[PDB]
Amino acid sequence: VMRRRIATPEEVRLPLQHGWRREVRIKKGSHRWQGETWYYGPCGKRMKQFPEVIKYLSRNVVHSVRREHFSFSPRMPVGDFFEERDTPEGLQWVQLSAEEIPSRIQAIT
């Protein structure tokens, strides 16, 4: 029984040791900047919502990874962060550095 609801970053890192990937993707919307979390399961399936991950865990052979290890919070600094930037050349996606990540976490809404 995982009764404690707040995953630690160490926990959220654990699937990344078992073939999963986590990304946080940031872009400007209607009025402000927003971020969204994606997971990729070890088979390569992209998942954007927590209920998709729950279904995946039920449909797949998973040993070490459980629902307690996931977080869709774009404020949790685990995994690779990307941002959509506009210049006169067009919209570009760039991966953020570690140094850039904390300011983005503060900025998204």
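Quick note: we count residues from 1 along the sequence shown, nothing fancier.
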* Asked: Between 75-83 and 23-31, which has the higher average C-alpha B-factor in the PDB entry?
  -> 23-31
* Structure fact -> Per the PDB entry, mean CA B-factor is higher for 97-105 or 8-16, namely for 97-105
* Asked: Which third of the chain holds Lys45 when residues are ordered by C-alpha B factor: lowest, middle or highest?
  -> lowest
* Asked: Where does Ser64 sit by CA temperature factor within its chain: lowest, middle or highest third?
  -> highest
